[PDB]
Amino acid sequence: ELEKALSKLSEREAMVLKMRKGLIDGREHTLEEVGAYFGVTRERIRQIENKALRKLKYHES
């Protein structure tokens, strides 16, 4: 997919997405694992992920 959408994603968003989806170490991480990873709440990670996904939906149009 490279960019052209992943390009519009911020650094936090791209990183949260890759860790969550298994794109970093080939393993999917829970919201809690990612929150503890960066030191933020489960909910904050959900918020960043949902926003990243909405941005991907936009640039797929």
# chains A, B, ... in the order shown; residues from 1 in each chain; ligands from 1
>>> residues_around(residues="region 24-31 of chain A", least_positions_apart="3", cutoff="9 Å", atoms="only C-alpha atoms", output="VMD selection string")
chain A and resid 15 18 to 21 34 to 36 41 to 43 45 to 46
>>> select_by_dssp(residues="chain A", states="helix (DSSP H, G or I)", output="PyMOL selection string")
chain A and resi 11-21+31-38+42-58
>>> residues_around(residues="residue 7 (chain A)", least_positions_apart="6", cutoff="12 Å", atoms="only C-alpha atoms", output="PyMOL selection string")
chain A and resi 1+13-14+52+55-56+59
>>> atom_distance(atom1="CA of residue 37 (chain A)", atom2="CA of residue 3 (chain A)")
24.8 Å
>>> closest_residue(among="A:48, A:32, A:60, A:40", to="residue 12 (chain A)", atoms="only C-alpha atoms")
A:48
>>> closest_residue(among="A:33, A:16, A:5, A:22", to="residue 54 (chain A)", atoms="only C-alpha atoms")
A:5
